[PDB]
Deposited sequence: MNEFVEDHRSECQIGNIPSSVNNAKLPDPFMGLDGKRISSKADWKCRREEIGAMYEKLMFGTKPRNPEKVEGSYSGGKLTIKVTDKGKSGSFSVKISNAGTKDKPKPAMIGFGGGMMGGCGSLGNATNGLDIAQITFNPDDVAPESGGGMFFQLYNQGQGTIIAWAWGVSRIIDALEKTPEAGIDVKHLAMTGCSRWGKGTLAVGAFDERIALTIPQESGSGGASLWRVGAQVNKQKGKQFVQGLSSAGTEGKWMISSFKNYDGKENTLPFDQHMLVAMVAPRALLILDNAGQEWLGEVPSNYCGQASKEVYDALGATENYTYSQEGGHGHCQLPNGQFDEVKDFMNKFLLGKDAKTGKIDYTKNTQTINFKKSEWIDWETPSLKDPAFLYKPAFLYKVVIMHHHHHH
């Protein structure tokens, strides 16, 4: 039970430019060799994260000197010691536990945007206000401790990682750290994806309407915008500027998405093989209906290769308001939370899109020219 295995893996050269109008291969090691075993994924996963930290998010500070947790009055207060100073933040908690309880962590300050989809599930709720660590205006407690030009998203992933640190040594909070989910919508759907991708202790990642910078293909977004003759979908530059989410260099890819050494199917692949339920909308122009769908479809290759097809679902339902989840997706939320948080079996693993407003025609031959290997068991 571990945040990541980065220190167990040798990270080689990270190029910042390629020439590839197709999706980059996620099974291609930095050492130039394709992986063949499921055991090779431990380190291949770290190599992808290191690429995102170098190229898009910024470096995730690791191994903090000390994390202290205290639980009082339904609020968990986390004090982090690092780099000569201290930084503190607190999260609200609902439900409790001698008898620890599985928990959903949600951006807020509401706790995420799943609404009544969780009603009837005896799980705890932890609200994380990302402004406590890194407001989109800049500044924040994170940047009191650190100063390597990171963006705000990786500061939120750091934040949630420190919540889990404090939880592991605060049993009076009454939370089962072995059964934790993460969720959030829109800007906090981009935040949720990165959170679950960069902390392996998140057992269920539920990014909602995460859009550009989230689970949406940079190359497909740029294609759609060329087909429309205008910025129909939120483009790379805009996602690389808004909210200080990304490092300042990332927006320089904007006219040249084919030079990206990655695409967002590889961020999704950082969550594998842990459970991942992507809740998407449709008919939202800026959100990117087609590039999000195509990211959803393309990302299945890594989960299939690891033999974890049952742990990944992309669910797109349009025809409803932004971040207001329709009842047609309540069954998804309940099935995954029962399965991966509460130990109750359910049929999971699906690629489903309905109530679209654009033509959905994902042809693997256009976007994927690498074979999906058969990763062997050791």
(message) Numbered from 1 along the deposited sequence, what ranges are absent from the coordinates?
(response) 1 to 3, 101 to 102, 115 to 118, 388 to 408
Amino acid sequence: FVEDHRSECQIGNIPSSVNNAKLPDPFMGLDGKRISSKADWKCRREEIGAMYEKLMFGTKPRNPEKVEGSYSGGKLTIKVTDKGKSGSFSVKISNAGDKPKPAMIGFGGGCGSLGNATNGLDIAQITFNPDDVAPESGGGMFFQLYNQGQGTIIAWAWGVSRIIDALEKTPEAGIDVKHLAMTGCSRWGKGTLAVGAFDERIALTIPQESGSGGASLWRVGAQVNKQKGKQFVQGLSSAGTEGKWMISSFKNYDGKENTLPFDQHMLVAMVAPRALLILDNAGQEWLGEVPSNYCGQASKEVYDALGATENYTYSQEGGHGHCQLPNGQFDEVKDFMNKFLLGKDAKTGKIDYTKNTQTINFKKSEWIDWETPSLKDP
From here on, numbers count along this sequence of modelled residues.
(message) Per the record, averaged over C-alpha atoms, which has the higher B-factor: 260 to 268 or 159 to 167?
(response) 159 to 167
(request) Determine, for stretches 73 to 81 and 234 to 242, which one has the higher mean CA B-factor as deposited. (result) 73 to 81
(message) Looking at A305, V91, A222, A215, which one carries the largest C-alpha B-factor according to the PDB entry?
(response) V91
(request) Would you mind finding, among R44, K54, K60, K38, the residue with the largest C-alpha temperature factor in the entry? (result) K38
(message) Among the modelled residues of this chain, does the Cα B factor of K101 put it in the lowest, middle or highest third?
(response) highest
(request) Can you work out whether the C-alpha temperature factor of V333 puts it in the lowest, middle or highest third of the chain? (result) highest
(request) Would you mind checking where the Cα B-factor of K251 ranks among the modelled residues of its chain, as the lowest, middle or highest third? (result) middle
(message) When the deposited Cα B-factors of this chain's modelled residues are ordered and cut into thirds, is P24 in the lowest, the middle or the highest one?
(response) lowest
(request) Taking the values exactly as deposited, rank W286 by C-alpha B-factor within its chain and report the matching third: lowest, middle or highest. (result) lowest
